[PDB]
Amino acid sequence: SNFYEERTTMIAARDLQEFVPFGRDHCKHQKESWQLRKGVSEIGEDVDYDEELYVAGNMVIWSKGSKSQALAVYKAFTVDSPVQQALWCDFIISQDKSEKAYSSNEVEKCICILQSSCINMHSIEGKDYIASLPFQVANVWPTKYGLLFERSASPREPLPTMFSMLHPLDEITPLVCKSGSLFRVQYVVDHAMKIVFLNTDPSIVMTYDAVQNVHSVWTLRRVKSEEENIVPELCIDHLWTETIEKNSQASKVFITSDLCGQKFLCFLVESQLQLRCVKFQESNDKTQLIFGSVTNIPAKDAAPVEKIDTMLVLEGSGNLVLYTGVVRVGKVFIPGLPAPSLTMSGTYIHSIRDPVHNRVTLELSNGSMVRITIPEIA
């Protein structure tokens, strides 16, 4: 007899609901995009709030609601030309004078809407900032210090390709980079370097080097007073380059933690169907990051589920698999929606997105979208 001796683990997903972005209803009527993040509840309020930032054509819809409450609040913005990009961002108002772990910078939170002609920043407190950039914007990224712009491509004096904006009314300034050697700072001018990820805490940037086909991670910080070299405000400071087969630009990047607190920086390399997960941790003197082993996890797609310290992985086969960091926990089962080897339906999960609390969106192959709950394995 087996005597309860363990062999296989199966995870019960539950609380399945059709998902259609809130903003889809409140817009003109075809390209659309959105992102979800957690909203804030009041102190000791027992409810999970979602925020959605939705974009279609000339409109941006911000909304906040709950899966448990009927009504959501929303704010619509309409501009005159197609929205290139919309994002949440924040600008430092007052720098933290304290070393204590509870202390932080006072900041001004905004919704940033980018058009061809200009950029608009709408603060939560009610200020509309209007600015424009002297060049074409390929992409913009929120950072700990505001916004970071990538310029589209159009003696020897190359124009810098990356620019920070520390306050919506301030002049933008070129980014510099510092890269350590064994045996100095300079302007970012390489067009081969592509940003793929920003994070605020820890304050880092991940880039893909399009000619050497390897990713790098950097500390994003203020320039030091030895800026003897228009003067930069921010700097990217090389931390790590992967040791690695064609290696494409990462399609998705995120941080996850396992059950015992080990963090990983994970980036999905589509061309190899791998999720590369690199351990990292803060220095014990807390001045910078330390990087450990990298693990390749087979994946078509993946999403961190932060509230419960696990990560969902979608395999090439269409199987959903739950991880905690790089340790596989088990297959995830969804009532009504079998894996492909278990159904005659042509319907499979095409992709995974919008993790908030313990819920995640599945994009299904028949066009529709479904939101599910992943239980604590805690």
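About the thresholds
- Residues numbered from 1 in each chain as written, not as in the entry; some residues may be left out.
- Heavy atoms only, no water.
- Disulfide = S-S within 2.5 Å.
- 1 Å grid on protein atoms, 1.4 Å probe; cavity = no way out; pocket = protein on both sides within 12 Å on 5 of 7 lines; lining within 4 Å.
- Points joined across faces, edges and corners; volume = space filled by probe spheres on them.
- Helix = DSSP H or I, 4+ residues; strand = E, 2+ residues; numbered from the N terminus.
- Nonpolar A, V, L, I, M, F, W, Y, C, P; charged D, E, K, R; others polar.
- Buried < 20%, exposed > 50% of the residue type's maximum accessible area, 1.4 Å probe, protein only.
- Contact = heavy atoms within 4.5 Å.
- Polar contact = N/O pair within 3.5 Å; in protein donor to acceptor, adjacent residues only side chain to side chain.
- Pairing = 2+ DSSP bridges.

Structure determination for the deposited model, as stated in its record, used X-ray crystallography, and the stated resolution is 2.150 Å.

This entry appears in the Protein Data Bank under the title "The N-terminal WD40 domain of Apc1 (Anaphase promoting complex subunit 1)".

## Examining the state of the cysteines
Under the criterion given, the structure shown has zero disulfides. The closest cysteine sulfur to the non-disulfide-bonded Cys177 is located on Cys235, 7.0 Å from its own sulfur.

## Notes on the layout of surface pockets
Estimated volume of the second largest pocket: approximately 540 Å³. In terms of lining residues, the second largest pocket is bounded by 24 residues, among which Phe19, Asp50, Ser66, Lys67 and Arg371 are the most central. Within the residue set of the lining of the second largest pocket, elements represented by two or more residues are β2 (14-18), β4 (49-56) and β5 (59-66). Per-class residue counts for the lining of the second largest pocket are eight nonpolar, seven polar and nine charged.

## Notes on the environment of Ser271
Turning to its location among the elements, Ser271 is positioned in the loop between β22 (263-269) and β23 (274-282). Classification of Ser271 as partly exposed rests on a relative accessible area of 43%. Not counting the four nearest positions on each side in its chain, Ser271 is found in contact with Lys246, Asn247 and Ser248. Polar contacts involving the side chain of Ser271 include one to the side chain of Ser248, which spans 3.4 Å.

## Regarding the pairing of strand β28 (residues 327-333)
Bridge count for strand β1 (residues 10-12) against β28 is three bridges, and the pairing is parallel. Bridging across to β28, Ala12 finds its partner in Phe333. Bridging between strand β27 (residues 320-324) and β28 involves four bridges; their strand directions are antiparallel. What sits directly across from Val321, in β28, is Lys331. Between the antiparallel neighbours β27 and β28 lie two residues, among them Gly325 with a positive phi of about 60°.

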